[PDB]
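In the order they appear, the protein sequences are chains A, B, C and D.
Using the UniProt record's numbering, you'd call the opening residue of the first sequence number 2 and step up by one each time.
Using the UniProt record's numbering, you'd call the opening residue of the second sequence number 1 and step up by one each time.
Letter by letter, the third sequence follows residues 2 to 304, 306 to 334 of the UniProt record's numbering.
Using the UniProt record's numbering, you'd call the opening residue of the fourth sequence number 2 and step up by one each time.
Cβ coordinates follow ideal geometry from the N, Cα and C atoms, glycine included.
Have a look at the structure below before the remarks.
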Amino acid sequence: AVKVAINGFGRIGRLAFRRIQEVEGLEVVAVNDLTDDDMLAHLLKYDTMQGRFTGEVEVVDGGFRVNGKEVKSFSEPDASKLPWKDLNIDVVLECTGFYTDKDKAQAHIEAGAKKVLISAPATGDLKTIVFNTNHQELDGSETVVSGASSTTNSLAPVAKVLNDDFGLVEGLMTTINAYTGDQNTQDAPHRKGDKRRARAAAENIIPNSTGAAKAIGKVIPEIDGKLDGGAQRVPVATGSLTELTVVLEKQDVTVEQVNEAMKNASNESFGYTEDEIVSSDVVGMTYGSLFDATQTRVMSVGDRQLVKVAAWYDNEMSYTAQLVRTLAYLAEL
Amino acid sequence: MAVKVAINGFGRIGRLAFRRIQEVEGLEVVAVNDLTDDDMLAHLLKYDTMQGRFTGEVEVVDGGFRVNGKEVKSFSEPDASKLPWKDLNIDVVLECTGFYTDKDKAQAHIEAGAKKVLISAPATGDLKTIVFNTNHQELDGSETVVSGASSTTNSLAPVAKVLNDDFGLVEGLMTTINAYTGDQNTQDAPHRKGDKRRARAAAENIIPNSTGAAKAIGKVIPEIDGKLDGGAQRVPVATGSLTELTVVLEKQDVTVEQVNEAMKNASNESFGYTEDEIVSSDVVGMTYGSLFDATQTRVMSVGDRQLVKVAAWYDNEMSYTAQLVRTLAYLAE
Amino acid sequence: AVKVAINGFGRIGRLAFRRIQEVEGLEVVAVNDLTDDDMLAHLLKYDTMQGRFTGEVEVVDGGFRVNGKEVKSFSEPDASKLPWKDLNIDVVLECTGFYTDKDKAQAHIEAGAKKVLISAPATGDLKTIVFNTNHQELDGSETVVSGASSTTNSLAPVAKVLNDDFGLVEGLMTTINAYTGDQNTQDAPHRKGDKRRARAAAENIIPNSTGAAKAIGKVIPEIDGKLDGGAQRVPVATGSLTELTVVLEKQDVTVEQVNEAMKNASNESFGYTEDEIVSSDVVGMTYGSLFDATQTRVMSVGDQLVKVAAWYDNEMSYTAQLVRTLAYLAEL
Amino acid sequence: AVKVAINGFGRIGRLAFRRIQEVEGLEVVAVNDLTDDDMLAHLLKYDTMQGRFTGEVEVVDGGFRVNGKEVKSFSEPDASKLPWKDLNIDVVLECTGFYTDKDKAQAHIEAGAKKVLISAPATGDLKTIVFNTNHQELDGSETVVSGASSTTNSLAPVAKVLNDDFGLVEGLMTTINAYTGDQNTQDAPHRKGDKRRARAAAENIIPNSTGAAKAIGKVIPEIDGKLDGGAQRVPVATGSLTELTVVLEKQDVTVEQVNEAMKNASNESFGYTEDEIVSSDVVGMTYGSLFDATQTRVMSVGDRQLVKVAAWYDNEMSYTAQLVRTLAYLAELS
Ligand SMILES: NC(=O)c1ccc[n+]([C@@H]2O[C@H](COP(=O)([O-])OP(=O)(O)OC[C@H]3O[C@@H](n4cnc5c(N)ncnc54)[C@H](O)[C@@H]3O)[C@@H](O)[C@H]2O)c1
Ligand SMILES: NC(=O)c1ccc[n+]([C@@H]2O[C@H](COP(=O)([O-])OP(=O)(O)OC[C@H]3O[C@@H](n4cnc5c(N)ncnc54)[C@H](O)[C@@H]3O)[C@@H](O)[C@H]2O)c1
Ligand SMILES: NC(=O)c1ccc[n+]([C@@H]2O[C@H](COP(=O)([O-])OP(=O)(O)OC[C@H]3O[C@@H](n4cnc5c(N)ncnc54)[C@H](O)[C@@H]3O)[C@@H](O)[C@H]2O)c1
């Protein structure tokens, strides 16, 4: 077993834990957060959007047991202090949100971990990886890697096909997003000064920034600088949709050419559908991106075309499945 | 000059138009028609989940109800041609049922004795389709049946007008992010119009849906006919919507702040401008047809190329209803 | 195969369909609603709260296929017209909400069905059955049966235990309910004149009446007229909680006696839990009622008022109960 | 002007600010929180459930201006450090949730404030006040007062009438509550170890404890220890309902007697309705409690009656209006 520790037993940490239970040879030996074993065990077992955990969870004092397997729990807000050397950690899933930087995340390496995979975009000389778009950039010598963002994971395969098959000139993105835990429950001061994330998460359409389209070049260099865009955060608790509006090089692009090109590029990470689904239908899915042929649009005036595509993603589980694929790749090669 | 109005369909738009007409001198609602008793109609006027309590006094009689001592006749006739409009001397019917959205169908009110019909939606037939303060001057006063267009068209037209007049519109795609409406189901259930997406629980989903606001924009601004396309995403807010517009303009050295100034200069009673980081509930109850949001403006350029992106808020209920009542008052005068 | 037809392919119809797939020897041969095969197939496949249907659904013209099994679909708003004699229907699950009366439901028997199980409380000389509380009242001769209500199904096993083990004197109930399709999406005239169910379902706490406590005597006669209560419908799309506040005959009762008594009575229909769960955590569960030991309260002044709470997925909890009763009714 | 400062510009602080604008001779001169002026001004101006603030708000550096009136803003997490002596504060509305104790709240008095009114239940030798039920307990010598809870404010006038008119034997309460800011937006570790408040606030029915019924004796002593109950927190962002199930001393009570007794006791703090309203209809209302005659139930077996009533409250504005009435009463005594 590849010995994994999860730092930050949040939405992404707990779902990565559930996902790892379904992946042979991957094992979570340790978990770190800021609370007691009873609260960690409870939130693994019960999950508002993702459902009950099928396995048996029981609290001990080391931490908790899952199907007889013991998971050590810790409460260390500073990652350098974690006993990773004593537990022989191979890879930390860094899912706190507070170590989104190569140097900060190095704390886990000091602590005795062999490698750190960060469950978000991160600053520093790091590779930023979307599984099945650029995971092959990983050579096995990396110490600290970023798993990029949920949006980037919905967007990169779509953008890669658009550029490979048609040539991407430029594009603007809107992602329509499930609200997340960095948003307040009720209108209140926001810790990062964001006057929109300050607002009641579940009662608003809230515009917000994203670096997914601006920083796409980190996963596909060829289209670096060719995209921009923002998010609208809306009151569903998970499940999201990326809409992309592009100018292509080819000007006799068609709705069929785009769909077929997406269908043909599909894999475990990039799915394809022609059903008139809605956001609830993608909750718990394991594609990093699900291309929706029903939303494809080509607009033309005189000769010039504007193309528009949409892809679904469960910002939780789609992203988590991608993260676990990358983990598994990083542990093996 | 008490212009005598009858409201057909005392629904979201009908009730709100009633409330609006109380605030507008010389407009009077003498009659109301729906499919339920006076008690139910009076109660829904008094109490409104999103728009708040009606300030006036409402009491139930049998002719119908009284509002501030003024008697309103109420009827329950599913067939408009049977309504006693000749006996009540109706000047104008606000047709707000959703079941007469066609010139010939709506003519049923004219047969019944009404002088004019204004339809609270897009409508088929040789009709004028009007966005107040964009093309209300197309009305000459001879019209028998007029369409007040859609909520989305009212949010979009003044933005698109400015973009074309000041920059030249080449082409554009739209996404409106919409509050759910009463044509959507409470729970997943057979939909009456066979729509597999409006079939789904309205308040638990991001729901792609079609709209004609962009495609049919030429009905209100002919110069840009066929230059726009796009759709909607219905999301779980009960009212308050956002129109996002991604355009190619003729001019190519355009900047964020050129665009924002051009909108601010075109602002009026129907077309608001804001630079505050607001969210959807901040527009609930507002009486602008469209509220341009300078904080959302984006210009994306690669090489030569520019894609421009703008956003305008609207309360699909009250924004639309103030527009409808302005057109009503113009049509009467 | 017991040959079932589902009248009304709604929340309860479709979920009974799903449930019947998991149940050997039960088969849905036909389905009736007010829409096309395309819509019906789609809604079976995709479900906002209950998740994707695992099987394969494909539309045909007779109706649709589910894992290669053909289901005939119909569009008859009048049940007496349905070709139940031609299809040899054993039992109809009447799930429209429009035949909730023995005589009205008889329309299916006219049509050629042998039996009708109504997915709701119903008026008439009918048995009203909560599986595992009073299903043994069914002799097999019954023509039209009621499966009672979701709330009744949540309440009956709790109330039975309280009476058998402590003696029930009187009780008030509040059920906190997921909103349902009889509520409006937006404030609008309500077809039954209910000024509260008129209101936007997902934006309000909405008081509403319920006969679960008042008509509890229909399933447990011994406590007839000893309960009353209402509902508060709130903005979750499924999952509900029944709170019961009671006077017991015994007065030295404690939290830990109450919870033990509940745990001992647990079965296929009546679950027990000591986890601090919330409504989400019961979505899709198949217990008719999940007693929550963490909510038990004993209040006393001088010489007691007792308070308990049970979860239920008003959808799946009720459906599962309905399919158990179906299966029991077929097997007599 | 009575010079007021608001410690904690949260839900209750901002709404009390907005309420104080509507009340002549009450003036907010200073505000304290943990953020900048830009965020404080913005959140006053825009309010998801209570709507846009009608007045003009503009940011300055001392703080912000509201209709030309300057409000000083601060960012001091420790209250004793606040310059209350320099600004001559008469009363602090203590609305942080972190000073709900007489001794802890004394920090404002050390700072130079004359009196502190805590927007919550509080421990210590404090009077706990529900305006129009027991505000006459205040003599004007009090240093630190509690304004009780939103539930207590919804409940006390109802319970007072039931006891005065019929004699209260015992009762159980369930309040069905709007979710609040001590709940998590998504399932996540809770700071107070509460495994239910840990869950996604807007996706769940969440049982929770409340002291409103148990601690009713603090505001009406005669019925001390006669009530108990809990809450169910549900996905509305504001607006709540108290249900009260009671045994009364009188046993021939009817729906009609109960409803009349409630109607006769109505005032600026305790409203009465016979309309089939729902929670949204009470958002922004200024009654502390709105009795709902449509929900009154009398259940009887043989001779034994159980009575059930319900009262609405905007846990936000019903509470805030009660708080400001108490504020004004406290200011207009010594
Ligand atoms: N966001 C919006 O709510 C919005 C915006 C712009 C336009 N509209 C248009 O306004 C119209 C009404 O929409 P709504 O949202 O108010 O819906 P609604 O359901 O609230 O109202 C329609 C009302 O008319 C009644 N009615 C239906 N058929 C009738 C008949 N034949 N005779 C008399 N009364 C009848 C219904 O009982 C209901 O009260 C629709 O065409 C809609 O597209 C709605
Ligand atoms: N929580 C719950 O959903 C719940 C729980 C238990 C029982 N019930 C009861 O079950 C029944 C259905 O409730 P639901 O929530 O599934 O409703 P629903 O609205 O989702 O389903 C009813 C279906 O019947 C169809 N229908 C209506 N009239 C018809 C007719 N005349 N002929 C054929 N089809 C018709 C409708 O199109 C709809 O699909 C009701 O009696 C209800 O009170 C509901
Ligand atoms: N929300 C309700 O329904 C309700 C009703 C009645 C009473 N209350 C009580 O009012 C108090 C606050 O409630 P809320 O709902 O307004 O919470 P809230 O979190 O919205 O607002 C509290 C504010 O205080 C600020 N704050 C925290 N610590 C501070 C520090 N010590 N110094 C300065 N400012 C600080 C926070 O930044 C926040 O803006 C609590 O005691 C609560 O129990 C709440």
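Alpha helix (DSSP H) segment containing residue i, residue limits
i      : result
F292/B : Per DSSP, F292/B belongs to no alpha helix (DSSP H); it is in the beta strand (DSSP E), 290–293.
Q258/A : 256–265
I110/A : 108–111
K4/C   : Here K4/C belongs to no alpha helix (DSSP H); instead the beta strand (DSSP E) covers 3–8.
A42/C  : 38–46
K196/A : Here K196/A belongs to no alpha helix (DSSP H), and DSSP marks it neither H nor E.
Inter-residue CB distance, residue i and residue j (contact presumed, cutoff 8 Å)
i             : j      : result
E95/B         : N154/B : Not a contact, Cβ separation roughly 17 Å.
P236/B        : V237/A : 6 Å
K215/D        : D229/D : 6 Å
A6/A          : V93/A  : 5 Å
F292/B        : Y273/B : 5 Å
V60/B         : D39/B  : 5 Å
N133/B        : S270/B : 4 Å
residue 340/A : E111/A : Summary: the structure shown does not reach residue 340/A, with chain A confined to residues 2 through 334, and so no result is reported for it.
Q107/D        : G285/D : With 8 Å as the limit, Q107/D and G285/D do not qualify as a contact, their Cβ atoms being about 34 Å apart.
Proximity test, residue i beta-carbon vs ligand 5 heavy atom, cut-off 8 Å
i      : result
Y320/B : Ligand 5 is absent from the structure shown, which contains only ligand 1, ligand 2 and ligand 3.
Residues that DSSP places opposite residue i in a beta bridge
i             : result
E171/A        : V248/A
residue 353/B : With chain B running from 1 to 333 in the structure shown, residue 353/B is simply not present.
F75/A         : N33/A
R19/A         : According to DSSP, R19/A bridges with nothing at all.
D102/D        : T124/D
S241/D        : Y314/D
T297/C        : None; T297/C has no bridge partner.
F54/C         : Its beta-bridge partners do not exist; DSSP assigns none.
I207/D        : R234/D
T176/D        : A232/D, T243/D
residue 342/A : Outside the displayed range of chain A (2 to 334) lies residue 342/A, so it cannot be described from this structure.
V60/C         : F65/C
Contact list for residue i against chain F, beta-carbon separation under 7 Å
i     : result
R53/C : In summary, chain F is missing from the structure at hand, where the protein chains are A, B, C and D.
Residue i classed as buried or exposed, judged by whether at least 16 other C-beta atoms fall within 10 angstroms
i      : result
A203/B : buried
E171/B : buried
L334/C : exposed
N89/D  : exposed
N316/A : buried
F18/C  : buried
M318/D : buried
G240/B : buried
Element boundaries [beta strand (DSSP E), containing residue i]
i      : result
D229/C : 228–235
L94/B  : 92–95
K116/C : 116–119
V67/C  : 64–67
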